[PDB]
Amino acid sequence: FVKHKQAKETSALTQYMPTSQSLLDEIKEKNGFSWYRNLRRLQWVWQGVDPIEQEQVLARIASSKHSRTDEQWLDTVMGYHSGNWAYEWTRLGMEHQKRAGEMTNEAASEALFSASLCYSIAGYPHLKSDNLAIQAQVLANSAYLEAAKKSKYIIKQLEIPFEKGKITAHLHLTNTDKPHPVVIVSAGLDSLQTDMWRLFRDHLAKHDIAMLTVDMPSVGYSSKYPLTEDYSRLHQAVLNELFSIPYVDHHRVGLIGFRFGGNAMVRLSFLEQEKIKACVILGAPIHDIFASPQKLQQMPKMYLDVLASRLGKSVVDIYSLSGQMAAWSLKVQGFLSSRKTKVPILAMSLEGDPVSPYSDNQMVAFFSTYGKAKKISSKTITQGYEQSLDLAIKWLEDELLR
């Protein structure tokens, strides 16, 4: 970080054509949002951030008197110091990493996992040219392995050759007493694979289900793998690799996919109908948004910035970008027309998720044998997350521990 005291601020990184800058101004004026980033308060708490410390972090960010790229956007304090998003979140990470040295075992481990998450959030949404975020992502990764090393649970980092690079994946096991059923898990384009420790700790592990995390192409450890129309590519290779991994029962493999991670799992559940025993997706952009250019052009700048990054765009034309993403729809690709899959897929999203409509999940569910879509209604978002996850583990319990 010392080399990055004056690093270029996140919201200013992505270059847009002047006609596209004019569209961004329209969007910003119409939505009037107080933050550049889409704030995921409830998601981050669900993942393990303490609500009180998160508010303290967000308050120091929003209260700052330091100069912002755009004063409308509270999280755009420029440079690595008080008020900066990366700076303030990394501070919380370092505080966990401090408490970790004065704990041992089952607390030290958990403190480091907490730290990892804070560092990941510090880098969110992980724009590729973001110097502060790159460093945050390094800390996120080193903290995860240090937590893993301290845990009573077993976490192995695998490197699986594929196309002259290696796919980096994390295998979480309760033990190695016998080969265990396993779920391959991927989150969306602005998460890191290390952001799902509680999925394993609080849910999968209680059933001795191993968790194997993977980054989608262009994301995290898979940054060097271009996001193409065959975006399930890396998961298929990781699936084919499970035969050589004796710690897992390759006859009992499932898939969990959040956001765009969900598209890849569905894709895979049509491609490998014998090897995949169960699939569950939450909040996946199956078709609707991808196929709506007019909706893509009206998205907050943070989403367009993430898209430009993952697609390796140097300079962005929004109209062109919006037209290009249609190819990512699983309907446009032909997976949702006639062919059924033997894989039972449970497909959920929260009520009124504009990224994942019930209609999207209904499509998927129909083309799955013993499949099922759900529109999760709840009073709070946390309750929706928790219901969804309870339904997920039951599905995996029923189909994987069969």
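Start at 1 with the first residue shown and count on from there.
- When 316-324 is weighed against 119-127, 316-324 comes out higher, by mean CA B-factor as recorded in the entry.
- Taking the mean C-alpha B-factor of each stretch as recorded, 94-102 and 206-214 are not equal, and the higher mean is that of 94-102.
- Out of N263, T76, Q157, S114, the entry records its largest CA B-factor for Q157.
- Across the residues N84, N141, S244, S191, the deposited record lists the maximum Cα B factor for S244.
- When the modelled residues of the chain are ordered by C-alpha B-factor, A373 sits in the middle third.
- Looking at the C-alpha B-factors along this chain, the one for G48 belongs to the lowest third.
- The deposited CA B-factor of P179 belongs to the highest third of values across its chain.
- Split the chain's modelled residues into thirds by C-alpha temperature factor. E55 is in the lowest one.
- The deposited CA B-factor of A12 belongs to the lowest third of values across its chain.
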